[PDB]
Protein chains: 2
Amino acid sequence: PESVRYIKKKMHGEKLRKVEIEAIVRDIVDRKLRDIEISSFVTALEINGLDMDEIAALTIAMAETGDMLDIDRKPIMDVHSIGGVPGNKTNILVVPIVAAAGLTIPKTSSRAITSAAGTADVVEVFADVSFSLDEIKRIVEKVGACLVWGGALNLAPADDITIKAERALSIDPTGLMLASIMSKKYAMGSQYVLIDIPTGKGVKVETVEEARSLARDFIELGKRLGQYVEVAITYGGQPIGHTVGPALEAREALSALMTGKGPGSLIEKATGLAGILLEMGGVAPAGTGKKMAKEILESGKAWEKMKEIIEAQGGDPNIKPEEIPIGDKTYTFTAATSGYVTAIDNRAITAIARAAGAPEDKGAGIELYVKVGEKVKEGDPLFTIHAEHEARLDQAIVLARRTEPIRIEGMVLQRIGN
Amino acid sequence: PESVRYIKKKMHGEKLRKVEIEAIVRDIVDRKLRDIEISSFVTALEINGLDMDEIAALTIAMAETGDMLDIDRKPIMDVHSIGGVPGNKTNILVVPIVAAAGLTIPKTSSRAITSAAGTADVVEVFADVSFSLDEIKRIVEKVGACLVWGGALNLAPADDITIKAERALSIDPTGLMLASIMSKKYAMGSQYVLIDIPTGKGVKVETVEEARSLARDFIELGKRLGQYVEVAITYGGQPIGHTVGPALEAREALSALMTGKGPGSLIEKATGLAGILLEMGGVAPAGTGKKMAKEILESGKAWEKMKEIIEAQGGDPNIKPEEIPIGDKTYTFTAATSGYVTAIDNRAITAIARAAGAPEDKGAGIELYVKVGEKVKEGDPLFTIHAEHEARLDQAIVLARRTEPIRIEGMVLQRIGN
């Protein structure tokens, strides 16, 4: 394919006309470009880069090449998370919180390549997560919002083919990222978009300053697509909630929603994100956003809204979270020395959890009885590990020991000279 | 004064014979060398410094040309803190805790110009600060422990004079510092000593790595002093205890003593600190130090030992901590926004607390209702300002407002895009 010639142009660092970008994406989509080529193009991007014009062309080119939906209700509203913080079951609260206002939010998520549990997986536990794109329009119009697995439908297909190349080469050039995150939003073609970023260490974007740099890229890019976007910088110090893994995250999520009372990380993050959406939506005036969500969630209206979603999904609406399954095999870690918790390491926790088999096995996961800065005395449980297989529970345990995810410290950090 | 001849040598970087060090000190104590020379000499050290041999020779010399004490009881135990943390009334708990073991423990404290409240200052509130060098031996033998103001005694008088230059020049050279801290302890000729090095930001020693280097320096020099010394790095991240200012700390410190139950920050540190000494003392076998200390305080033996001291001090044991006086007029800060406290600035509080004018007014001070990692709903008290007189309090408040000493944050750290 002559499409290659354009790829070579990038190799030499040249900018790409929309005509050139489309041809490549077009060929990528038609399976006229095999793995060898996508890899080279991908490698070129990391090396040479894309200036903004190219990215916007790419997002559009990538998106336009995939099925798109138009929702009668408007304006469309969407929430996406850069991610990287374990135990992020929040998005689930927000859609319901956002939806009850009656604004329209069709939320699509993907099973996670590197997370213990994909947002999709968490939903799957208590509801169906795959539907035809046509099926999706109905749910949203009828119920006004939805949670569905993004992958089991074709959008921004070029991206899917593309991802394999990055992971194999273990690289995520930014331009490709913005295109993938944004274009898929475009296919849904939502008008107002909010992007959430977890910031800290053990997070995808460790540095806030880097995080700020992303928003500009995200917001500015939205303009190119004429989408109103807002970036939210989020605390990423500890995994949100005390539950990691799909069964656990789900339990944690529904219970908060139903009760309207939850761990601060979940409730606070979700409400805050939700509020921004409402302001963008115009339901709530600037500065009143946190209030409407707490009231909305607090009201229990939100739980009720969620029920419609569960019902559309095929999950029984009534279901009592407390009755959800968890793996029979479990081990719990007593604290080694009395003190306070200096730190919790997210990268490790996910890893400890994935070892247990999440997300392939829904039951497996981790539950934390503690939060950073919580005082401890010897024997307080730091976390509980759930697995559906003995072999995994054991394998996870090895990791738990090496990793030392929960770090406990005392006033005397170290003693010198004996 | 030929002492200058030796001083000039330091300018040329030559090492100093003990006589040279001795002579300079001899002149300084004698008042032979006035301010120009002291500063000049002091200046050379920062620029050139001293190898341990010099630091050792100097330490004694400053020490020898000063009153010294010999104690019948043995071994001699002294606990000293580098400082920089606020509210560190912790030594108070440790001294009494140490005494019950009955191991000997003479204590010298000097009110700190920089610090809001001197340990000497807090002890003074419930007792009398100053005693004759001769009296202390008497006091020490009867109870085996004492709290006194180092300042009345003519110790390392060489030390006092050099300090004006340091503060005046705003430089603290390490070699002189060890000497000032060490020489005085040596004059007591204390057999065993321990070093506390609050580590964090806003502390005198910001970084742990810095602390380790000192310890080698601190413990290593002690050998020259044929002194067994152990240095313990300690957590300086936030104020120790929740009371700042002499009276408040006093109320806090004593109550902790009577109760055996107190704010975690102080009790754990004091107890932990005590252990090194007991273990160091040998009363308790290694690793048993923290435990024995906890029990001793819990037993309530420590408060009583504390009881003996007030009597020796002229303080009254029947004394009821609650009835200690406090500033008549108070102002406190409600939380600006709902959230979880992210950090507390120690440097800021002291200035804020000093603004109330402590330690000139014992009554003035700061009491904190919240500590880091503590979720705060909007309107929760962060701290409370106590002052004897208003002009200061307003002055204090004004200072507080600029500083924003207590910081509260949310999951959405920052919002971009409006």
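Throughout, chain B uses Swiss-Prot numbering, with the displayed residues spanning 85-502 in order.
Method reported for this entry: X-ray crystallography, 3.5 Å.
Cβ coordinates are placed from backbone N, Cα and C, and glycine is handled just like the others.
Here is what Swiss-Prot says about this protein:
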- B:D256: active site, proton donor (ACT_SITE)
- B:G168, B:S194, B:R195, B:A196, B:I197, B:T198, B:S199, B:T203, B:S264, B:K288: AMP binding site (BINDING)
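Highest local Cβ density among the recorded positions B:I197, B:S199, B:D256 belongs to B:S199, counted as other Cβ atoms within 10 Å over all protein chains shown.
In this structure, the C-alpha atom of B:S264 (AMP binding site) lies 11 angstrom from that of B:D256 (active site, proton donor). B:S264 (AMP binding site) falls within a helical segment according to DSSP. In this structure, the C-alpha atom of B:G168 (AMP binding site) lies 14 angstrom from that of B:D256 (active site, proton donor).
If you draw a 10 Å sphere around the CB of B:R195 (AMP binding site), it holds 18 other CB atoms from the protein chains shown. Classification of B:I197 (AMP binding site) by DSSP places it in coil, neither helical nor stranded. For B:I197 (AMP binding site) paired with B:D256 (active site, proton donor), the C-alpha to C-alpha distance reads 15 Å. A gap of 18 Å separates the Cα atoms of B:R195 (AMP binding site) and the residue listed as 'active site, proton donor'. Note: the CA-CA distance between B:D256 (active site, proton donor) and B:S199 (AMP binding site) rounds to 16 Å.
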